[PDB]
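Structural overview
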Amino acid sequence: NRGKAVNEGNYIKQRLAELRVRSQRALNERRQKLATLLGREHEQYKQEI
Amino acid sequence: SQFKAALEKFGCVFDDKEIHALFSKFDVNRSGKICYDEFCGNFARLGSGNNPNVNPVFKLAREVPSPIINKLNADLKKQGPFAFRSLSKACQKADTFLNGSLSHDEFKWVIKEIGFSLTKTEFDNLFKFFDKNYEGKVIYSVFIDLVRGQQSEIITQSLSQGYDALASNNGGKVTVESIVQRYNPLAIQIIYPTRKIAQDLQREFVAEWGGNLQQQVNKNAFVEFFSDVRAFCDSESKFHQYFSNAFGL
Amino acid sequence: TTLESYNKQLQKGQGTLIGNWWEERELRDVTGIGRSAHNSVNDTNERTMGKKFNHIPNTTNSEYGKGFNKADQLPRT
Amino acid sequence: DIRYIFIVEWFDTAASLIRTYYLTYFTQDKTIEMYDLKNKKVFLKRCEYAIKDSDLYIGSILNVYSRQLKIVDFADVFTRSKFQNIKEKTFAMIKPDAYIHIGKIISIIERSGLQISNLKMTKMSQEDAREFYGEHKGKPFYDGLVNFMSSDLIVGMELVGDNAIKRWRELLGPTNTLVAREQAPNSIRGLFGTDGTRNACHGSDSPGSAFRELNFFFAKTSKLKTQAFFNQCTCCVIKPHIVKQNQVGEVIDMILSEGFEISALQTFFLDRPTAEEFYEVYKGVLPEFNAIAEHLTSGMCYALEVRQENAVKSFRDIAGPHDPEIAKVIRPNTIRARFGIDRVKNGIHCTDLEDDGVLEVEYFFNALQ
Amino acid sequence: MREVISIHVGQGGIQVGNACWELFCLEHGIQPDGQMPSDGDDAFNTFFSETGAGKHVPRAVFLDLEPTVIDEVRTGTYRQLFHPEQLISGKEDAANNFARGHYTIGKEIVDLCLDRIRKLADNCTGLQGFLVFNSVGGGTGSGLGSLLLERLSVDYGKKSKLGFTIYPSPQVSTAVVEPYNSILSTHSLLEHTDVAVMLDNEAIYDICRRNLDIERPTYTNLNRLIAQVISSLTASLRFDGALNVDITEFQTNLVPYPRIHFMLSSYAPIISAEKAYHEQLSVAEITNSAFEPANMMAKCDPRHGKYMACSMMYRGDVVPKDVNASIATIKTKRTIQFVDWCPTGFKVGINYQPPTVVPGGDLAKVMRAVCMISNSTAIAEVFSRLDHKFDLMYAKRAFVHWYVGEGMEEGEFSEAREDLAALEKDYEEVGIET
Amino acid sequence: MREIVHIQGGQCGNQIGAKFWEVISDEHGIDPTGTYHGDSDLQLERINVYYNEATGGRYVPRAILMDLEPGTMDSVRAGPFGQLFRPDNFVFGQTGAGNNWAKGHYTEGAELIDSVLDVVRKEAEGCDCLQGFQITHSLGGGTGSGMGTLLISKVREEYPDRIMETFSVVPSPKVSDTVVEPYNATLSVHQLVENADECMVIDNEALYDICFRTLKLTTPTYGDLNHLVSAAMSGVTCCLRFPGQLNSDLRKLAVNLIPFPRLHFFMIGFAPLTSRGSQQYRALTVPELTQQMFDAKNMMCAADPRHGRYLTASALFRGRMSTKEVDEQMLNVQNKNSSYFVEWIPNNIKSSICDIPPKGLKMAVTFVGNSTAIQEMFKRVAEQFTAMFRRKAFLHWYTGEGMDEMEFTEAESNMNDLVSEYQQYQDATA
Ligand SMILES: Nc1nc2c(ncn2[C@@H]2O[C@H](COP(=O)(O)OP(=O)(O)OP(=O)(O)O)[C@@H](O)[C@H]2O)c(=O)[nH]1
Ligand SMILES: Nc1nc2c(ncn2[C@@H]2O[C@H](COP(=O)(O)OP(=O)(O)O)[C@@H](O)[C@H]2O)c(=O)[nH]1
Ligand SMILES: [Mg+2]
């Protein structure tokens, strides 16, 4: 009888990472956009120096 | 909640309205925090029985702590006539916000700055008595009144007469300038002998007063000041004969 | 032992400087009656025990449960 | 000479438990000595650290030798008495007839020498406004004042300092502004007052009333919701070194003067997890996430919301280079050029991406409430 | 499903029960009122039982005849935790007399004790065994412990019993007639306790002086360290690990002969909060420190004897290959020597749960720990010294009247003496190589 | 629970007990009117040990007041704290003993002791569980040394199992106060040995020396000596009234301190005692306390401890301390002074710990010792007895009231016997 709770807990535990990876990739794409933005800004600054 | 749990412990379970009525019957101050000390005292007096010959003693209210404040007053006596005023000034200074009550740590601070290194156990008794229901704040006015003791009605009336006589020469207006300009510094010998010089006497008097000579003075503050002065002296006769010399009255 | 003798009744002051004058001095200062009240009574407690530091500690068999770590309450992540 | 000693506690992280030291302060020569209460060894001996006299107060936080310390209370009567004088609290109010003058008002208040303990701005709704100013009721001033009050956004601040309850009032000037010009032209009411009911600012008058307004406005139980929008807006942060060095008044008016509309600013104390967390977009980029995060949590900081037609890039134009050393050479009129010192503490920080301003402003004004 | 029963008798037993129970309550996060805030595996079943709704009640029983300690517990900080009527308190002290607590006054409390043991064991379903705590060098402790062991060994039978007893120190001792009680209690427990563990006092005094650098320790530090040892021993039943070892895997892997079941423990690391984070805390160094004679739990020099069996239990994130290499080095160094007929002598247990720390304690928060239990022939010297003291103070019938006047006959001393001599002879005989 | 009753007889007993009850009431926070005004709850957990509760909630001692003349009771009732004692607990005679042991032990002592026996019987049976009896008296007087010891015999007859303590103001020749000291001293110590479970001997001369030297008071008073005796006697039974780390009862003390049934005469000491002007100039630590308590001059007996070997000793520490320093100081004092301890019994020191020090004090030490040095008192007493008995001086006032010289011979023989086998162990070796 006790196995039902184990089944549930495993399901939630694995779904948690299954969605955590999507959250991480959502955060990570902004990383690249912002990096490119400041990269272009810095070279523009240097050339105008 | 703890009260109804305690009733359940003895086994008398009652509905919430009856529980509330019983709680309110003993929670007269309406604060909401009952004192089981008074609770059990009431029950013990009820259960002792009625005997005209023998009283049932016990207690229905928290007693004055006694020797902790007695020693406090006795050792406060030694510093000087204005040690009593020192405590008042310190209470006002610590109460920078002017509410009328102090926090627990602030009361500790005012005690140690007065200079009495009260231990935890000795402090706790006066603390618990003066804070009836553990609200978190203590009223310093009642504390200082109890520490000073009882002031005589005739003494207070004489102080009021002195205030009125002082106000008369200025037309009802008050200033510390007036008390500084008119008094008898040498009269302090009769409340207690002192070797200090009359020239300095004015300096200590103004120093214990405010630096500004235009500070506003209330009648209650003035009589409070001389009550602090009186509390150092143990004789009403000596105090009033000193006051008479001090104001030439 | 030829005590008392050349030091009779006197209150306050540094005394006469013979016998146990130093020891009677502090007794007389802390409490009235430096020596053997006339039959103002004398309490044996102060004479025998000494300075009283009133304090009652806890058993410390009841300190087992109570112990506090303020750090644990930080929000962490 | 004379010594000021305290009690301080530091939260270690390698060790879970927190420790406690004394931090004695030789004022004759401005040096610091560290000694711990338990186990009786001297911790840090006789080394100057150049700490200004003003910052020492109850609840203050000061960093030393890469560890941050938080003063809790004094340690003796002599230290307690001297600093006990500076604790008075007053409640100052900026009514919406001077919404354009916020920067100058704050600048003058700071120059007065008082300390801006806490700050907020809200919309004072009709019913709670009627509750406020309760004592007046009968007088004809009442209804006019109430109708004026709920007109627009309001700025409430708390001033802590010596002699404050009347120092603030005398700095403010007369109650009527019409008289203020002839008696005291150099006053807040003199400079920014129009008429009797449209006076610039408001101050406390009695300690009891001041406390009443204080727990009305700043206490945890308040009915004043933070009136602020969450669309077409940008977020910016006044870094703690700026408020420590006292240029917040200058900074605020500069951004107001640019036609941008300020929507909300509030004072916030946040810890190191919150600091690193808000900077979650700069973990893996060169602005040195660790140093900037640890500096961001070293004191109070203001969080401002700015509104404009095209908020993000337009505000970025005025913000200029992230490095003030860059900015001085080329963008001499930008705020970071004028106020920033170096890379780590480059004054203002604003978002640098088009579509993430809403989430960042939501983080401050919704999540941290 | 698996449970043990805790017996705590004597003042020493009660003052160690308080520490072990605060540690157990803190480890599972149970508040003093008994509630579980939580926020759920059944790891509390070993020591606690659910009341049906909310709180949990420990599976322990407390015995003593002087009411002082029991009343202090009932008014302490855990007043509402324990079961109120399982804290059995007597009327009069046995007062350092073996015969008093075993022949005159101890007989009117054993009936209640057995009734409560029956009531609690009927609630229990998968009982593993008994863990008993008692002070040997005292009247009520020794007498009531002996009587309880006598009764249980007949009533329940084959269920295992482990006793954590506190023998006298060689010189750091309190009582004066105490060796008599010690000899008689050893006689009683020899044929009734499945495992016995040494817990003398001055050795742990030296431990705390040397490691914590605490110059002002009291019984509380001693009891906290002992509770740490007990928790490290019993973790495996209630926590997940790579190699779990239950209580039945002690005597089947550590007892060569039925008479030889006296053992001595050790625990590591023991360090303060300041000296820990500047240290390495490696598995190799902690397991090397576990075998240091000065780190041992009892005042004996194991270098004067051989080793028969050792059971070591690690908790934390230890690695089995690291354990194996460390054990290889242990066998390599020549200072410690094993007996010929024991080629393999090491039991290894591993638990994932790191040790728990108590606020306001002395030990620091550490991420590896090892508790070792050793059976060795070096136990002979403590018994030899006890026998020497007994002979010296028995040559002239000292204090014999106090015992004979309570009902005990005179001849019992001779039987205990001869049985102890036989035990010493057995430990000597087992020491000869083939 | 395990409560004890108090019995006092004679002038010495009455004064000592009056001081003792003032001390106990002060310690437990009871006013002279018998109403509790204490501070902490710990003062009420074991309040029933020494006090009984009456209707209304006032506490009364379970003490018995006994003498052949009413003057001393009339004085103590008028003195401070005299209202606590129940008026029915007074039993007094109308004649007086005249410092004659036969008078106080055969004729009027016997016709009077029925009432006090009834009172002690009802008082003992009233309480739940007796733990024993304690007596304070003098062996040098008539009424005390006779009637008190006869009452000891009587109570021991019906209570063979319960423990009995005696606190005896034994005479010393330096401070001589009566010419008939040897007679009543020997007779009292005769009928004391077979009945008293513990005896604690006290010397007025030793108390005077202590007061003059340690406290250094110019002119002392019996109040001081009574207070010191009260402090020690109250410190004896602290484990029964307060929680601690190692509780030790009177039976524990008797078992740990009595090797043989006839060796139960004990000598006691108290620490710390300091002059009033030097109270703030000394530290409070376990080494200091042990150094002061072990000092031979500090003892409450005229016998010199360093003239014999300690058989057993016990100490009742109070306050805050640590077991390792306690037992380490005991081990150190046992090692550095192995000559003063008998070798064939190892570890002859008891230590017990109580968490409650006396009011106004941090730490306190009560020391009780069984040592061979006490034989000197009996030796000198027997010398005086035989020297004054060879001429039969003062004998006829005894012999004319049912006394025979044969029991005087018996007393001399018994004391010589006790001296013999009590000093035998001093030279006894293993
Ligand atoms: N380590 C340690 N030992 C203790 C503690 N409490 C008691 N003991 C030991 O107990 C021994 C004496 O026994 P007691 O504690 O007095 O109690 P008992 O053994 O049940 O016998 P009784 O004294 O008659 O009650 C002492 O030698 C101590 O070593 C403690 O808290 N910690
Ligand atoms: N220490 C001390 N000794 C006392 C006190 N009162 C009397 N004595 C001694 O007791 C002896 C006389 O005893 P006594 O009163 O005649 O005994 P009683 O006749 O049986 O009551 C004298 O040697 C005194 O030294 C006292 O208050 N304290
Ligand atoms: Mg016991």
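The rules behind these values
- Residues numbered from 1 in each chain as written, not as in the entry; some residues may be left out.
- Chains lettered and ligands numbered in written order.
- Part of a larger assembly, values for the part shown.
- Heavy atoms only, no water.
- Contact = heavy atoms within 4.5 Å.
- Buried area = accessible area lost by both parts, 1.4 Å probe.
- Salt bridge = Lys/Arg side-chain N within 4 Å of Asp/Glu carboxyl O.
- Polar contact = N/O pair within 3.5 Å; in protein donor to acceptor, adjacent residues only side chain to side chain.
- Helix = DSSP H or I, 4+ residues; strand = E, 2+ residues; numbered from the N terminus.
- Nonpolar A, V, L, I, M, F, W, Y, C, P; charged D, E, K, R; others polar.
- Buried < 20%, exposed > 50% of the residue type's maximum accessible area, 1.4 Å probe, protein only.
- Pairing = 2+ DSSP bridges.
- UniProt positions renumbered as here; feature names shortened; annotations may be inferred.
- Axes fitted to C-alpha atoms, helices over the stretch in contact; angles between N-to-C directions.
- 1 Å grid on protein atoms, 1.4 Å probe; cavity = no way out; pocket = protein on both sides within 12 Å on 5 of 7 lines; lining within 4 Å.
- Points joined across faces, edges and corners; volume = space filled by probe spheres on them.
- Domains from an automatic or database assignment.
- Parallel < 35°, antiparallel > 145°, perpendicular 65-115°, else oblique.
- Left-handed = near helix turned anticlockwise from the far one by under 90°.
- Disulfide = S-S within 2.5 Å.
- Near = heavy atom within 4 Å.
- Areas by Shrake-Rupley, 256 points an atom, 1.4 Å probe, with all protein chains shown as cover.
- Sits in = over half its atoms within 2 Å of the grid points.

Per the deposited record, determination of this structure is attributed to cryo-EM, with the resolution reported as 4.1 Å.

Quick look at the interface of chain E and chain F
The partner chain F presents 37 residues to the 36 residues of chain E that form the contact. Both sides together, the interface formed by chain E and chain F hides about 3700 Å², and carbon and sulfur atoms give 55% of it. Linking chain E with chain F are three salt bridges, by the criterion used here. Of the charged contacts in the structure, one is a salt bridge between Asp 71 of chain E and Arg 46 of chain F, with a shortest N-O distance of 3.2 Å. Along the contact surface separating chain E from chain F lie 12 residue pairs in polar contact. Among the secondary structure elements, those contributing two or more residues to the side of chain E that touches chain F are α2 (67-74), α12 (380-394) and α13 (400-404) of chain E. Here the residues of the side of chain E that touches chain F are counted per class, giving 16 nonpolar, eight polar and 12 charged.

As for the pattern of salt bridges
A complete count under the given rule lists 50 salt bridges over all chains for this structure. Residue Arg 100 of chain E pairs with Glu 92 of chain E through a salt bridge whose shortest N-O separation is 3.5 Å. Across the pair, exposure class does not vary: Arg 100 of chain E and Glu 92 of chain E are buried alike. In this structure, the salt-bridge partner of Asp 301 of chain E is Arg 303 of chain E, at a minimum N-O distance of 3.4 Å. Assessed through its relative accessible area of 53%, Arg 303 of chain E is described here as exposed. Each of the salt bridges in this network shares a partner with another, and the network as a whole consists of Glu 92, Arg 100 and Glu 406 of chain E together with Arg 251 of chain F.

Thoughts on the pairing of strand β8 (residues 198-202) of chain F
All names here are of chain F. Taken across its five residues, β8 has five buried, putting it largely inside the fold. A two-sided burial pattern is seen for β8, the buried positions comprising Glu 198, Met 200 and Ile 202 on one face and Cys 199 and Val 201 on the other. By the bridge criterion, five bridges tie strand β7 (residues 163-169) to β8 in an arrangement that is parallel. Directly across from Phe 167, in β8, lies its bridge partner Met 200. Across three bridges, the pairing between β8 and strand β9 (residues 265-271) is parallel. Residue pairing across strands places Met 200 opposite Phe 266, the latter belonging to β9.

A short note on the UniProt feature "binding site: Mg(2+)" in chain E
On the UniProt side, "binding site: Mg(2+)" is annotated at positions that read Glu 66 of chain E here. Structurally, the position occupied by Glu 66 of chain E is in the loop between β4 (60-64) and α2. The exposure class of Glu 66 of chain E is buried, given its relative accessible area of 2%. Contact partners of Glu 66 of chain E, with chain neighbours within four places excluded, come to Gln 11 and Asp 93 of chain E together with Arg 2 and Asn 247 of chain F.

Here we look at the sheet that holds β9 of chain F
As a general point, the strands of a sheet are linked pairwise by backbone hydrogen bonds and lie either parallel or antiparallel. Residues and elements named next belong to chain F. Sheet architecture is open: 10 strands sit in the order β5-β4-β1-β6-β7-β8-β9-β12-β10-β11, paired in mixed fashion. The strands lining the two open edges of the sheet, one partner per strand, are β5 (90-92) and β11 (349-354). Averaged over all pairs of adjacent strands, the angle between their axes in this sheet comes to 20°, without regard to strand direction. Its contacts with the sheet put helix α6 (residues 181-193) on β7, β8 and β9, and the angle it makes with β9 is roughly 100°. Strands in contact with helix α8 (residues 222-236) are β6 (130-138), β7, β8, β9, β10 (310-318) and β12 (364-371); relative to β9, the strand with the most contacts, it is inclined by about 105°.

Points about the UniProt feature "binding site: GTP" in chain E
Taking the numbering used here, the UniProt-annotated feature "binding site: GTP" corresponds to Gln 11, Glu 66, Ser 135, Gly 139, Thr 140, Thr 174, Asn 201 and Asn 223 of chain E. Lining of the largest cavity among the annotated residues: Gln 11, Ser 135, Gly 139, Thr 140, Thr 174, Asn 201 and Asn 223 of chain E. On the secondary structure map, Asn 201 of chain E appears in helix α7 (residues 201-210). A residue is classified by how much of its surface remains accessible, and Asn 201 of chain E, at 24% relative accessible area, is partly exposed. Beyond its immediate chain neighbours, meaning those up to four positions away, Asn 223 of chain E contacts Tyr 64 of chain C together with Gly 12, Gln 15, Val 16 and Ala 19 of chain E.

Considering unusual backbone geometry
In this chain, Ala 268 of chain E is followed by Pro 269 of chain E through a cis amide linkage whose omega measures -5°. Structurally, the position occupied by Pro 269 of chain E is in the loop between β9 (262-268) and α10 (283-290). Cis geometry marks the peptide bond from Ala 271 of chain F to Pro 272 of chain F, where omega comes out at 0°. Its location among the elements puts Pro 272 of chain F in the loop between β9 and α10 (286-294). We note that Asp 213 of chain E has phi near 55°; this positive angle belongs to a residue other than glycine.

A short note on empty space enclosed by the protein
Empty space within the largest cavity amounts to approximately 800 Å³. Lining of the largest cavity is provided by 44 residues; of these, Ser 135, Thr 174, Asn 201 and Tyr 219 of chain E together with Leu 246 of chain F occupy positions nearest its centre. Mapped by element, the contributors of at least two residues to the lining of the largest cavity are α1 (10-27), β6 (127-135), α5 (139-155), β7 (160-166), α7 and α8 (219-234) of chain E together with α11 (323-336) and β11 of chain F. Its residues assigned to classes, the lining of the largest cavity comprises 18 nonpolar, 21 polar and five charged. Of the pockets and cavities examined, the second largest cavity occupies roughly 450 Å³. Lining the second largest cavity are 29 residues, and of these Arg 224, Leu 225, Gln 228, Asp 362 and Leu 363 of chain E lie nearest its centre. Of all the secondary-structure elements, those providing two or more residues to the lining of the second largest cavity are α1, α7 and α8 of chain E. If you tally residues by element for the lining of the second largest cavity, the top one is α8 of chain E, at six residues. Residue composition of the lining of the second largest cavity, grouped by class: 21 nonpolar, four polar and four charged. Per-domain counts for the lining of the second largest cavity show at least three residues from each of domain 1 (3-262) and domain 2 (263-381) of chain E.

Quick word on the packing of α10 of chain F against α11 of chain F
All names here are of chain F. Here α10 crosses α11 at 40°, and the two axes come no closer than 10 Å. In terms of their interaxial angle, α10 and α11 are classed as oblique. Of the two elements, α10 crosses α11, and the hand of that crossing is right-handed. Judged by residue contacts, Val 286, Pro 287, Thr 290 and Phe 294 of α10 engage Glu 325, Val 326, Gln 329, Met 330 and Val 333 from α11. Here the residues of the contact of α10 with α11 are counted per class, giving six nonpolar, two polar and one charged.

Some points on the state of the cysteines
Scanning all chains against the criterion turns up zero disulfides over all chains. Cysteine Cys 301 of chain D remains unbridged, with the sulfur of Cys 236 of chain D as its closest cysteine sulfur at 11 Å.

Observations concerning the site of ligand 2
Residue and element names in this part refer to chain F. Neighbouring ligand 2 are 14 residues; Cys 12, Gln 15, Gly 144, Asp 177 and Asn 204 lie closest to it. Between ligand 2 and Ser 138, the relevant distance is 3.5 Å, taken from an oxygen atom to a side-chain nitrogen or oxygen of the residue. Note that an oxygen atom of ligand 2 is positioned 3.2 Å from one of the backbone N or O atoms of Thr 143. Residue assignment for the shell around ligand 2 shows that the elements contributing at least two residues are α1 (10-28), α5 (143-158) and α8.

Quick notes on the site of ligand 1
For ligand 1, the set of nearby residues contains 18 residues, the closest of which are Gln 11, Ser 135, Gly 141 and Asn 201 of chain E together with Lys 252 of chain F. Near ligand 1, residues from chains E and F are present, making the site a shared one. One of the backbone nitrogen or oxygen atoms of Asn 96 of chain E is found 3.2 Å away from an oxygen atom of ligand 1. Here a nitrogen atom of ligand 1 sits 3.3 Å away from a polar atom, N or O, in the side chain of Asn 223 of chain E. Alone, ligand 1 offers 630 Å² of accessible surface; in the complex the protein occludes 93% of this. When atoms are counted within 2 Å of each cavity's grid points, the one that captures over half of ligand 1 is the largest cavity. For the shell around ligand 1, the secondary structure elements donating two or more residues are α1, α5 and α8 of chain E. Sorting elements by how many residues they give to the shell around ligand 1 places α1 of chain E first, with four residues.

Section: the UniProt feature "binding site: ATP" (unreviewed entry) in chain D
All names here are of chain D. The UniProt record marks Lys 95, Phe 141, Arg 169, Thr 175, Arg 189 and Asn 199 with the feature "binding site: ATP" (unreviewed entry), using the residue numbering of this structure. Beyond its immediate chain neighbours, meaning those up to four positions away, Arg 169 contacts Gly 203, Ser 204 and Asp 205. Its place among the elements puts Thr 175 in the loop between α5 (164-172) and α6 (177-183). The exposure class of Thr 175 is exposed, given its relative accessible area of 58%. Contact partners of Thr 175, with chain neighbours within four places excluded, come to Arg 189 and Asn 199.

What about the domain arrangement of chain E?
Residues and elements named next belong to chain E. Looking at the assigned domains, one finds that chain E contains domain 1 (3-262) and domain 2 (263-381). Domain 1 and domain 2 are separated by 23 Å when their C-alpha centres are compared. Tallying the contact residues gives 43 residues for domain 1 and 38 residues for domain 2. For the pair domain 1 and domain 2, the summed buried surface comes to about 3800 Å²; carbon and sulfur atoms form 64% of the total. On the domain 1 side of the contact with domain 2, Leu 212, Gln 228 and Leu 254 bury the most area, a combined 17% of that side's loss. For the pair domain 1 and domain 2, the interface holds two salt bridges. Ionic pairing is found between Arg 315 and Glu 27, a salt bridge with its closest N-O pair at 3.3 Å. In this structure, the connection of domain 1 to domain 2 is made through 12 residue pairs in polar contact. At the level of secondary structure, the elements contributing two or more residues to the side of domain 1 that touches domain 2 comprise α1, β8 (195-198), α7, α8 and α9 (248-254).

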